[PDB]
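Chemist: Sharing a structure below in structure tokens format, with a few things to ask.
Here Cβ is always computed from backbone atoms with ideal geometry, including for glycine, and neighbour counts include all displayed protein chains. Laboratory data are not the source of any read-out in this text; all were calculated from the coordinates shown.
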Amino acid sequence: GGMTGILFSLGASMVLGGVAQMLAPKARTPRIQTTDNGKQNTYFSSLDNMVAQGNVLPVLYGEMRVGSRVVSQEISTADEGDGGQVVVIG
Amino acid sequence: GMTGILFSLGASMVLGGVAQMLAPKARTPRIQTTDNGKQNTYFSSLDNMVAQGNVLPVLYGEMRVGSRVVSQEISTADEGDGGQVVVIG
């Protein structure tokens, strides 16, 4: 127990994947679908309306015009009048 | 001097199959539920794709197939293909 060997060398095993991944943990490409085609899933933008259930509350950090997750959608009959007293119809 | 521990491995390779010892076997694609129950071909693309992500493809024979559209544009045509025959009414 006074002396301990078991040293090996970590200077070659960990370079085997690339030297730039050594200083930065590298990004994560998304999964390509046949329907997605050339378009790749962007984790910085999603310009569409998604169903509320089965989704997770998104967050924004800066600019990035974006769609939403629709919670309620319904069609009714509109009121024939703006307000006040202007109620001309004919 | 001596070179011990040969550790013959003929048995281990067969564990995954024997036909694979002579043929690498063709790869198979995955199934997308969204694309109904159709099976994707690995060597044909009937649909005409978009020229961007898809790499410039290669042809090797027959196969009426689609393409990768580079420019689509719709305008107003001319009345008359050519020559002096240019009647309208």
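Chemist: Just to be sure I understand, how many residues within segment A:36-54 are within 14 Å of chain B (Cβ to nearest Cβ) and in contact with a strand residue (DSSP E or B) (Cβ under 9 Å, 6 or more places away or on another chain)?
Modeler: 3
Chemist: Quick one: residue B:33 ticks every box in (1) of a type outside the set (A, V, I, L, M, F, W, C); (2) within 13 Å of chain A (Cβ to nearest Cβ); (3) exposed (fewer than 11 other Cβ atoms within 10 Å of the Cβ); (4) within 13 Å of the chain's Cα centre (by Cα) bar one, so which box is it?
Modeler: Among (1) of a type outside the set (A, V, I, L, M, F, W, C); (2) within 13 Å of chain A (Cβ to nearest Cβ); (3) exposed (fewer than 11 other Cβ atoms within 10 Å of the Cβ); (4) within 13 Å of the chain's Cα centre (by Cα), the lone unmet condition for residue B:33 is (4).
Chemist: Separate question: Can you pull out the residues in segment B:54-89 that are surrounded by 10 or more Cβ atoms within 10 Å (Cβ to Cβ), in a loop (DSSP other than H, G, I, E, B) and under 13 Å from the mean Cα position of the chain (by Cα)?
Modeler: B:54, B:57, B:63, B:65, B:66, B:67
Chemist: Which of the residues that make up segment A:8-30 are within 14 Å of chain B (Cβ to nearest Cβ) and either of a type in the set (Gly, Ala, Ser) or surrounded by 10 or more Cβ atoms within 10 Å (Cβ to Cβ) (or both)?
Modeler: Within segment A:8-30, just A:30 meets the criteria.
Chemist: Kindly establish whether residue B:8 is more than 28 Å from residue A:32 (Cα to Cα), in a helix (DSSP H, G or I) and of a type in the set (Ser, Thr, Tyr).
Modeler: Criteria not met by residue B:8.
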